[PDB]
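Enquirer: Sequence plus experimental coordinates follow:
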Amino acid sequence: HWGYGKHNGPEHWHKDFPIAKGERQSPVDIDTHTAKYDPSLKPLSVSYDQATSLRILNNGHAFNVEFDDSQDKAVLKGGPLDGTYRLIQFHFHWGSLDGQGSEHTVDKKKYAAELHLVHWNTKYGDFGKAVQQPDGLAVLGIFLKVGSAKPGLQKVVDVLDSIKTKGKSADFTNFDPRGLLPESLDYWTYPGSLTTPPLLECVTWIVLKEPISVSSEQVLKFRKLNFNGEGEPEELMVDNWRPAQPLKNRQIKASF
Ligand SMILES: NS(=O)(=O)c1cc(C(=O)O)c(NCc2ccco2)cc1Cl
Ligand SMILES: [Zn+2]
Ligand SMILES: [Zn+2]
């Protein structure tokens, strides 16, 4: 029954998922003065032109926009990655106030939200197999700050009213995730983990430097979602972020 409350929040996860205190947990704070430029990183390739969204789901901790990954449509390659990774879903983490909500931080700065585009390494054949490997996933993370609206986000925020509570889903076809990317693909990268249980240490993190801006009204509608299921007392879905974890031996590399 893990979650983000006082009794089931991130300081409790280790009891059911002892890897929470592992050697390569996420998220982390990105200290921009310790991260080193790595000229050996290859150019990053985000190929989302043929992405096919299917559905949007409130899963009790966030909402997933899910993609048909049965073929090689929307893929992420290059940068630190070896091979091809297929997009399977994206989701966000956000706070109750604009001063918090991201998972990664940048010189301890917290953004209002953070977008995660989750991809799995097609050499392992399916997602389930990929999450048994130290290079099975790649997550593209993008910070959200509040300012001007992101037009590319409005189809997402407008469907949220139809998936208010845990377990609800809605059809969500033809959504183009290219509409959520910033201008620059400059990034930081490090090896890490899922930020939610089961916290598997299977992820190459690629965190973009440039945030996207969304409006106060768009993030306010994120905060109207519910953690609870239908007819249950209302628990607003806010602060669904894990705080920064110990970097341990790892090295954060910059692509710029
Ligand atoms: N927050 S996150 O981007 O680290 C993340 C978050 C989630 C999530 O479900 O919140 C998730 N679900 C799929 C899954 C199940 C086991 C391994 O990956 C995958 C990822 Cl990578
Ligand atoms: Zn959940
Ligand atoms: Zn996430």
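Expert: Cool, got the structure. Numbering: from 1, shown residues only. Ligands and ions are numbered 1, 2, ... in the order given.

Enquirer: In stretch 224-231, which residues are buried?
Expert: Buried residues in stretch 224-231, defined by neighbour count with 16 or more other Cβ atoms under 10 Å: 225-228. To be clear about C-beta, it is placed using only N, CA and C from the backbone, and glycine gets the same treatment.

Enquirer: Pull the distance from that stretch to the chain's centre.
Expert: From the chain centre to the centre of stretch 224-231 is a distance of 21 Å (Cα atoms, centre = their mean, to the nearest Å).

Enquirer: which outside residues touch that stretch?
Expert: For stretch 224-231, contacts defined as Cβ atoms under 8 Å, 6 or more residues apart in numbering pick out 3-4, 58, 60-61, 63, 160-161, 163-168, 234-237, 240.

Enquirer: hmm, 10 Å instead?
Expert: 3-5, 58-63, 94, 157, 160-161, 163-168, 232-238, 240 (Cβ atoms under 10 Å, 6 or more residues apart in numbering).

Enquirer: just to revisit the earlier point, and which of the buried residues of stretch 224-231 is nearest residue 197?
Expert: residue 227 (14.7 Å; Cβ to Cβ).

Enquirer: Now do the residue in the stretch 1-150 of the chain that ligand 1 sits nearest to against ligand 2, distance only.
Expert: Using Cβ to the nearest ligand atom, residue 116 is the residue of the stretch 1-150 of the chain that sits closest to ligand 1, at 3.6 Å. Remark: distance between residue 116 and ligand 2 (Cβ to the ion, to the nearest Å) = 14 Å.

Enquirer: what do you get for residue 44?
Expert: From residue 44 to ligand 2 the distance is 30 Å (Cβ to the ion).

Enquirer: what sits opposite that residue in the beta ladder?
Expert: residue 78 (DSSP bridges).

Enquirer: for it, what are its contacts?
Expert: Listed by Cβ under 10 Å, 6+ apart, the contact set of residue 44 reads 76-81, 140, 185-187, 189, 206, 208, 255.

Enquirer: again, but for residue 94
Expert: Neighbours of residue 94 in contact, by Cβ under 10 Å, 6+ apart: 62, 100-102, 111-115, 144, 214, 219, 222-223, 225, 237-241.

Enquirer: Let's see that with 7 Å instead.
Expert: 101, 112-113, 219, 222, 238, 240 (Cβ atoms under 7 Å, 6 or more residues apart in numbering).

Enquirer: Just the buried ones from those residues?
Expert: 101, 112-113, 219, 222, 238, 240.
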